Amino acid sequence: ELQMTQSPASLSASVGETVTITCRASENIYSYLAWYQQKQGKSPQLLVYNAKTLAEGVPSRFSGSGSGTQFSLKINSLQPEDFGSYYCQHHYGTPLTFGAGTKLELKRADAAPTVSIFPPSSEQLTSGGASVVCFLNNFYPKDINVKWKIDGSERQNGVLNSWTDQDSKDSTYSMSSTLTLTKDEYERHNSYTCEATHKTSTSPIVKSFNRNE
Amino acid sequence: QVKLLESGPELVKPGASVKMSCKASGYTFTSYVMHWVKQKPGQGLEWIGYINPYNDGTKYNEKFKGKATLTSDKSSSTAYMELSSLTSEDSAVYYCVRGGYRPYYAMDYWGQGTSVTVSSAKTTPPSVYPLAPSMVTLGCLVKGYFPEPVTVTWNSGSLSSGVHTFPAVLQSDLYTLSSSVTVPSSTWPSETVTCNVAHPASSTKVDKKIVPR
C-alpha cells in the first residue's frame, strides 16, 4: 500500500522558536497532502490541504511545503496554543493514509518534584487491601525513577505508575506511584519509603512514614 | 453550522459486534462522502474507509476489510459503521469525518468520536479512598472500576488549581487512578476538601471528604 513516514515522533521546543515536521510518501502523491493538529482530548483539526494551503482560521505562522514525495510543515515562532500533536495525511486518493504522528512539547528548566507519601486508608484496610500512594509533582524532565522500600528493603512487586501529560500552565509533569499489598503483608511491616531519583539532585528525595505513628 | 453527532460510548464483549452512528446536519448530506477513522488511546489516527451517501458506494482500508461495514441512511442524514468479531485490538475511539468538496477531497469536519471498549470485563463502580498525610497535598484514590472513564473534581470545581488527576492503569482487568490537590496549610482542615468522583458507565457519583487522620 501507500506508505507515509512522518518525523520526528516527539519534539520539544520553546515559544518563539521555529520547528519543522517532515512527511515522506513512498509514491508520487503529486501535491495531495494535508496536515492536522490534535490536542489532548480533542478531535483533530485541519490545518493545511493541497500540501501548502492554509485552512480558514489557521494562523499564518503555520506553513506547508512540498511536492511528490517530500513534504514538511513549518511552524514559525511557536505559541503556547501550538503545543500538541501533528499528523500528515494523503488526501485525494485511496488510501487516505495518515502519518504516525509527531508529539510537540514545551521546554522549561529542570525542576525537582514535590513528593508526597500517603499511608493505606483505613477504609481500604477494612476491604482487605492496602495501597501506599506517593505523588511526585511538578517536575522536569519526564524521566524519573521511584523506588519503594518496606523496612528498608526495595520492593518491585505490586507497583503501578502513572504519568500525566505536560502541564499546560507550568510545563511540568507529575507522576503517581502506587504500591499495592494486602492488609496482612502490610500490617506485618513498619517502614514505608518512597525514594525519588531525578537529574535535579544527587540524593533521591526520600519520603517516609511509620505505620505505628 | 455543519455538525456531526456520534453515538455514545460502547462496552462490548470480545467476539461480538458493534454498530455506531453519525448524524450530520448543516449541509446537504448527499453531497459529501463520510470517512471513518480509528484512534487507539495515546496512539495515531488511522483511516478505515468511507461511504458515499449519494450512491451508497464504499471504499475501504484493506486492513479493515471485513472488520468494518459502512452504511448511510439518506432520509435521516445518518452515517453508520458496524464492527464485527470484536477483539481487544478494536478498543479505540472511532470518528466520522466529512470529505472536503474541492477539487481534491480534504477531510474537514470531525465528530466528537465514539469510544468502544472490547472487554469480557464487566461494568463495575469504583471504591473511593481518601489520602490524608505553607502547602498541603491531599489525595483521592479511585480503585477497581470499569470501564473508562471517571471524572474527578474537588469541591465541585471550587478547587481547580493545583490538581493532578493521573491516567488510569489496568490493575488486574479493572482500572485504578488517583488524584492530588494542593492547598494552603492554613485553610485545611478548617475549610473542607472533597473529591467528587463520577463513573458514568455505572451511574455512580462518589464524594469523599478528606478527614485529617
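Averaging over all projection directions, find the projected area of the Cα convex hull of the range B:101-201 and quote it in nm² with one decimal place.
10.1 nm²
Consider all pairwise Cα distances in the range A:1-123 and report the whole-number % of them above 20 Å. All intermediate terms of the calculation are to be shown ahead of the outcome.
Working: 3482 of 7503 pairs.
Result: 46 percent of Cα pairs exceed 20 Å.
So what does log10 I(q)/I(0) come out to for chain A at q = 0.09, 0.10, 0.16 Å⁻¹, using the Debye formula with one equal point on every Cα and no solvent?
Those come out to -0.53, -0.61, -0.96, one per q.
What Kirkwood radius, in Å to one decimal, follows from the Cα pairs of the range A:109-213?
14.3 Å
So for the range A:148-204, Kirkwood radius off the Cα pairs, Stokes-Einstein at 20 °C and 1.002 mPa s: how many µm² s⁻¹? Mind showing how you got there, number by number?
On the way: Rh = 13.4 Å.
Rounded to a whole number, D works out at 160 µm²/s.
Going from the alpha-carbon gyration tensor of the range B:1-120, what semi-axes, largest first and in whole Å, does one get by taking the root of 5 times each eigenvalue?
Working: eigenvalues 111, 39, 37 Å².
For the range B:1-120, the semi-axes come out at 24, 14, 14 Å.
Is there a simple number for the mean count of other chain Cβ atoms within 10 Å of the Cβ of residues in A:40-53, and what is it?
That works out to 3 on average.
Could you tally the net charge around B:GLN1, taking each other residue with its Cβ under 14 Å from the Cβ of B:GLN1, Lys/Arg +1 and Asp/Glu -1?
Around B:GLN1, the charge tally is +1.
If eta is 0.890 mPa s and T is 25 °C, what Stokes-Einstein diffusion coefficient results for the protein assembly as shown, Kirkwood Rh from Cα pairs, in µm²/s?
Stokes-Einstein gives a translational diffusion coefficient of 102 µm²/s.
Over all alpha-carbon pairs of chain B, lay out the pair-distance distribution in 5 Å bins, whole %, shortest bin first.
1, 7, 13, 15, 13, 11, 10, 9, 8, 6, 4, 2, 1, 0
I'd like the mean, over residues of B:147-158, of how many other protein chain beta carbons sit within 10 Å of each residue's own Cβ.
Per residue, the average neighbour count from other chains is 0.
Suppose only helical runs count, i.e. DSSP H with n ≥ 4. What mean residue ellipticity at 222 nm does that imply for chain A under -39500 (n - 2.57) per run, divided by all residues and rounded to the nearest 500 deg cm²/dmol?
Result for chain A, helices only: -1000 deg cm²/dmol.
Let me confirm one metric for peptide A:134-144, namely the mean number of other chain beta-carbon atoms within 10 Å of its residues' beta-carbons.
So the per-residue partner count for this stretch is 2.
Here, each number is a calculation from the coordinates, and none is a lab measurement. We place every Cβ from the backbone using ideal geometry, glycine too, and count neighbours over all the protein chains shown.
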